[PDB]
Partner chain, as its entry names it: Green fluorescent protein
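Single chain ahead, by itself, as structure tokens, in the form deposited without the partner chain.
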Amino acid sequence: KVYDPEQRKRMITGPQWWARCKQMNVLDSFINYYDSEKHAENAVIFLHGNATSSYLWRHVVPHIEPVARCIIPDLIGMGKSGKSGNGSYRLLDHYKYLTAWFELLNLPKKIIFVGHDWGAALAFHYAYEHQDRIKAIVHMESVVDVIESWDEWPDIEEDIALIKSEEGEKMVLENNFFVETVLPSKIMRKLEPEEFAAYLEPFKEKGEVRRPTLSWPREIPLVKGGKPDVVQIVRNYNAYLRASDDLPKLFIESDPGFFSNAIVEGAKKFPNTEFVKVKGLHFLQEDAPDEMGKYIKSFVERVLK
């Protein structure tokens, strides 16, 4: 892992990105977000997932802004957003706040979603419960289905067992496992110090402020061992999507990826999926942002014509 030579030239630091955001109160808290505003007959909502924030998409978004309004939130208790009122950050806690925030955005009827990780989960579940509000869905390293077996997955079974135990609190709240260990480990390049600090910033202090990054993984839809409600949520939106022939989709494969191999075949069962591949591990936006924006822009444009 080395620095890209020309990366400092173009680096957007967290504060430079925070300066380009705005806030909006949502129920009893608030949501920090980026919004390109223009071309609002359409909207593309970019959803980060665990460990990260809207900052993740900062070099991806410029490619698509020309063709459509882009909107990128910091998920509740992440990035520079407000905390959850009850201090709980499960998927449906996240859905609650996000759905409430959409109401305030002046979105079109048909929305374009772009999701990564649990951002994809959130996307897929909004789709399921608003099947008349979706124009297209792009996903990557996503929670496509429940899990029956670890076979095609990277060796994280024991990491997951541990996270589900009382050990997870030590990993994440004391030791910040997802920012300090998983994050840099799952980018091919090395992040600029300023870039890594903008990911740390939210979760710089020890303890409970780090909760969101521990809660997400505990949602994991394992048939044997998972929370049965999230297992139902996923299973439900998985069947919907399997049947969703007239819903144009895009899958961005990550190569070698982190669990792109695990989920690709699940992705294949969603009809109307265009398949592209880029270089990366789990957090591909930091290894192929432009290849990524290009593929996305192309897709969005084909889906508006």
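Positions refer to the first chain, counted from 1. Shifts are known only where both forms have a C-alpha. For the two forms, the rigid core is made up of the largest set of C-alpha atoms that agree within 1.5 Å on superposition.
This protein has a second form, the form deposited with the partner chain bound, left out of what is shown; the following refers to that one.
A.B. asks: Just one of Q232, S88, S185, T99 has a heavy atom within 4.5 Å of the partner chain in the deposited complex. Which one?
C.D. replies: In short, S185.
A.B. asks: Flag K227 as yes or no: does it have a non-hydrogen atom within 4.5 angstroms of any non-hydrogen atom of the partner chain in the deposited complex?
C.D. replies: Contact with the partner chain, no.
A.B. asks: May I ask you to state whether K190 is within 4.5 Å of the partner chain in the deposited complex, using heavy atom distances?
C.D. replies: Looking in the deposited complex, residue contacts with the partner chain include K190, since a heavy atom lies within 4.5 Å.
A.B. asks: Please determine whether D155 contacts the partner chain in the deposited complex, using a 4.5 Å cut-off between heavy atoms.
C.D. replies: Flag for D155 set to yes.
A.B. asks: Is there a heavy atom of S54 lying 4.5 Å or less from a heavy atom of the partner chain in the deposited complex?
C.D. replies: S54: no contact with the partner chain in the deposited complex.
A.B. asks: Within 4.5 Å of the partner chain in the deposited complex, do we find a heavy atom from each of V2, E253 and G257?
C.D. replies: Per the other structure, all of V2, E253 and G257 touch the partner chain.
A.B. asks: Looking at heavy atoms inside 4.5 Å, which stretch does the partner chain contact in the deposited complex, given the options 258-266, 24-32, 42-50, 56-64?
C.D. replies: Stretch with heavy atoms near the partner: 258-266.
A.B. asks: Sticking with residues common to both forms, list the runs of three or more in a row where every CA moves 2 angstroms or more between the shown form and the other one, core superposed.
C.D. replies: Run moving 2 Å or more: only 1-7.
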